[PDB]
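Q: First the structure, then my questions, so here it is.
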Amino acid sequence: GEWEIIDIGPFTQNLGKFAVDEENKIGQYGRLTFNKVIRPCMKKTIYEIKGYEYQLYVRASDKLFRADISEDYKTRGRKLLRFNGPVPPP
Amino acid sequence: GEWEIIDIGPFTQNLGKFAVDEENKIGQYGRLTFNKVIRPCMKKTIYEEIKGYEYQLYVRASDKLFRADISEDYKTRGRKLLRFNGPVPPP
């Protein structure tokens, strides 16, 4: 499935917010406050198109994390696949 | 420095060979046998003129997947294995 690099405008920032909101619900890390998504952000398209996956570098509570998020083309449902950190700056 | 996705041709495969050979020198894993670098491969171009590059790789070695970050200084050709961690899940 093709890969590409996407910019870090408000669409992508909302993806980072989704990651932190979802992580906060799970409660593995405890309370994170979302700051910003930083570059690079990668998007995988799975084929029409079945859906997508986003790999993000998310700044939350003054630290950096990796989150992976999937999106279904047909239903538009989103899910936080993975979230770990802190990781060193790219 | 800007990021981009690069090919997985011989230049890139040789980066994965470098990674596995360097990792094998530390010997924290049992002996790893390089299989292939898989997509996606990312490159960051570092400016002071381009001073150098950093590469984030997904390397198949001994039928598992490893993430390896590599730097290289253009002038000296200094290639350095910054990290190697694994196994990780398929991208």
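How things are named: the first chain in the structure tokens is A, the next is B, and so on; residues count from 1 in each chain; ligands count from 1 in the order shown.
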In chain A, what's strand (DSSP E) per DSSP? Answer as a ChimeraX atom specification?
A: /A:3-6,34-46,51-60,63-72,78-84
Q: Deliver the residues from the most recent selection as a file, using N, CA and C atoms, as a short mmCIF file (atom, residue, chain, number, x, y, z; two decimals), in the first residue's frame.
A:
data_model
loop_
_atom_site.label_atom_id
_atom_site.label_comp_id
_atom_site.auth_asym_id
_atom_site.auth_seq_id
_atom_site.Cartn_x
_atom_site.Cartn_y
_atom_site.Cartn_z
N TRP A 3 2.99 4.69 0.38
CA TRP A 3 3.38 5.56 1.52
C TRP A 3 3.65 6.97 0.99
N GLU A 4 3.42 7.96 1.82
CA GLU A 4 3.71 9.35 1.48
C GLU A 4 3.88 10.14 2.75
N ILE A 5 4.51 11.29 2.63
CA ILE A 5 4.67 12.18 3.75
C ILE A 5 3.58 13.27 3.66
N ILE A 6 2.88 13.51 4.76
CA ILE A 6 1.83 14.57 4.77
C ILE A 6 2.25 15.75 5.62
N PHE A 34 -2.28 17.31 25.19
CA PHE A 34 -1.80 17.47 23.80
C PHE A 34 -1.21 18.85 23.55
N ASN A 35 -0.01 18.89 22.97
CA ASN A 35 0.62 20.18 22.58
C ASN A 35 0.54 20.33 21.04
N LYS A 36 1.19 19.43 20.28
CA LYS A 36 1.28 19.50 18.80
C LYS A 36 1.88 18.22 18.15
N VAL A 37 1.47 18.00 16.90
CA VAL A 37 2.07 17.06 16.03
C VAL A 37 3.27 17.75 15.31
N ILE A 38 4.44 17.08 15.31
CA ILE A 38 5.56 17.58 14.61
C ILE A 38 5.90 16.71 13.38
N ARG A 39 6.71 17.25 12.49
CA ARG A 39 7.16 16.51 11.31
C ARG A 39 8.17 15.47 11.69
N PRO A 40 8.30 14.40 10.93
CA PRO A 40 7.45 14.03 9.79
C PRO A 40 6.21 13.20 10.23
N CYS A 41 5.17 13.31 9.42
CA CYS A 41 3.94 12.52 9.54
C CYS A 41 3.79 11.68 8.26
N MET A 42 3.69 10.35 8.41
CA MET A 42 3.58 9.42 7.24
C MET A 42 2.18 8.86 7.12
N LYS A 43 1.66 8.79 5.90
CA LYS A 43 0.39 8.20 5.62
C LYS A 43 0.47 7.04 4.59
N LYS A 44 -0.05 5.87 5.01
CA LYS A 44 -0.15 4.67 4.21
C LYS A 44 -1.57 4.53 3.69
N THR A 45 -1.72 4.36 2.40
CA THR A 45 -3.02 4.15 1.79
C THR A 45 -3.09 2.65 1.47
N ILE A 46 -4.13 1.99 1.96
CA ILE A 46 -4.38 0.57 1.68
C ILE A 46 -5.48 0.44 0.63
N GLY A 51 -8.75 1.87 2.99
CA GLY A 51 -8.54 2.76 4.16
C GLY A 51 -7.08 3.15 4.35
N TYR A 52 -6.73 3.78 5.48
CA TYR A 52 -5.43 4.41 5.72
C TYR A 52 -4.83 4.14 7.07
N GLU A 53 -3.54 4.38 7.18
CA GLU A 53 -2.88 4.41 8.49
C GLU A 53 -1.97 5.62 8.55
N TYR A 54 -1.93 6.28 9.70
CA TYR A 54 -1.06 7.48 9.93
C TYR A 54 -0.06 7.13 11.05
N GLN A 55 1.24 7.38 10.84
CA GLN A 55 2.24 7.31 11.88
C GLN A 55 2.60 8.77 12.23
N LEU A 56 2.47 9.11 13.48
CA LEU A 56 2.59 10.49 14.00
C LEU A 56 3.66 10.57 15.07
N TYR A 57 4.25 11.74 15.13
CA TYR A 57 5.13 12.18 16.23
C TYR A 57 4.34 13.26 16.93
N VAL A 58 3.87 12.93 18.14
CA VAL A 58 3.02 13.77 18.96
C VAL A 58 3.68 14.30 20.22
N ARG A 59 3.79 15.60 20.32
CA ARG A 59 4.17 16.26 21.56
C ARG A 59 2.96 16.40 22.51
N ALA A 60 3.05 15.77 23.67
CA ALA A 60 2.05 15.85 24.72
C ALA A 60 2.78 16.00 26.07
N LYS A 63 6.66 16.26 26.24
CA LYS A 63 7.45 15.08 25.82
C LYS A 63 6.96 14.63 24.42
N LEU A 64 7.68 13.72 23.78
CA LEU A 64 7.37 13.23 22.43
C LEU A 64 6.94 11.75 22.42
N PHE A 65 5.92 11.44 21.65
CA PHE A 65 5.44 10.08 21.51
C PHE A 65 5.29 9.71 20.03
N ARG A 66 5.29 8.41 19.77
CA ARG A 66 4.84 7.83 18.50
C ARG A 66 3.44 7.27 18.66
N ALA A 67 2.53 7.72 17.82
CA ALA A 67 1.26 7.05 17.66
C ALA A 67 0.95 6.60 16.22
N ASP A 68 0.36 5.43 16.07
CA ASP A 68 -0.14 4.93 14.83
C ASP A 68 -1.66 4.91 14.88
N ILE A 69 -2.31 5.37 13.83
CA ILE A 69 -3.76 5.49 13.83
C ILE A 69 -4.27 4.91 12.52
N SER A 70 -5.33 4.10 12.57
CA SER A 70 -5.99 3.64 11.32
C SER A 70 -7.29 4.38 11.07
N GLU A 71 -7.71 4.40 9.79
CA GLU A 71 -8.92 4.99 9.30
C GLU A 71 -9.50 4.07 8.17
N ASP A 72 -10.77 3.76 8.27
CA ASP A 72 -11.49 2.92 7.28
C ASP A 72 -12.08 3.84 6.23
N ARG A 78 -12.15 5.61 13.04
CA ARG A 78 -10.74 5.81 13.32
C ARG A 78 -10.39 4.99 14.55
N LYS A 79 -9.12 4.59 14.75
CA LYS A 79 -8.69 3.88 15.96
C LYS A 79 -7.23 4.14 16.21
N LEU A 80 -6.86 4.36 17.46
CA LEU A 80 -5.52 4.39 17.94
C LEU A 80 -4.91 3.01 18.03
N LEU A 81 -3.98 2.72 17.13
CA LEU A 81 -3.46 1.38 17.03
C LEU A 81 -2.37 1.20 18.08
N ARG A 82 -1.50 2.20 18.19
CA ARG A 82 -0.36 2.12 19.11
C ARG A 82 0.02 3.49 19.60
N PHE A 83 0.68 3.52 20.74
CA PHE A 83 1.03 4.83 21.34
C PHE A 83 2.10 4.44 22.35
N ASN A 84 3.32 4.95 22.16
CA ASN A 84 4.41 4.67 23.08
C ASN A 84 5.35 5.84 23.09
#
Q: Using DSSP on the backbone coordinates, identify all residues within chain B classified as helix (DSSP H, G or I); present the result as a ChimeraX atom specification.
A: /B:10-26
Q: Compare B:61, B:32, B:46, B:20 by their minimum atom-to-atom distance to chain A, counting only C-alpha atoms, and give me the closest one.
A: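 Ranked by minimum distance to chain A, first place goes to B:46.
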Q: Enumerate as a ChimeraX atom specification the residues belonging to chain B that approach chain A to within 12 Å, with only C-alpha atoms taken into account.
A: /B:1-7,39-46,54-56,69-71,82-83,88-89,91
Q: Please determine, counting only C-alpha atoms, which residue among A:47, A:7, A:61, A:12 has the shortest atom-to-atom distance to residue 24 (chain A).
A: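 Answer, going by the shortest atom-to-atom distance: A:61.
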Q: Excluding residue 59 (chain B) and its own-chain neighbours fewer than 5 positions away, which residues fall within 9 Å of it when counting only C-alpha atoms? Please give them as a PyMOL selection string.
A: chain B and resi 13+16-17+19-20+34-38+64-68
Q: In Å, with one decimal, what is the gap from CA of residue 85 (chain A) to CA of residue 30 (chain B)?
A: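 About the pair CA of residue 85 (chain A) and CA of residue 30 (chain B): they are 26.4 Å apart.
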Q: Hey, what's within 12 Å of residue 75 (chain B) if we count only C-alpha atoms and toss same-chain stuff fewer than 6 positions away? As a VMD selection string, please?
A: chain B and resid 49 to 53
Q: Separation of CA of residue 21 (chain A) and CA of residue 74 (chain A), in Å?
A: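 One can read the CA of residue 21 (chain A) to CA of residue 74 (chain A) distance as 23.2 Å.
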Q: Suppose you want the space between CA of residue 11 (chain A) and CA of residue 25 (chain A); what is it in Å?
A: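 For CA of residue 11 (chain A) relative to CA of residue 25 (chain A), the distance reads 21.4 Å.
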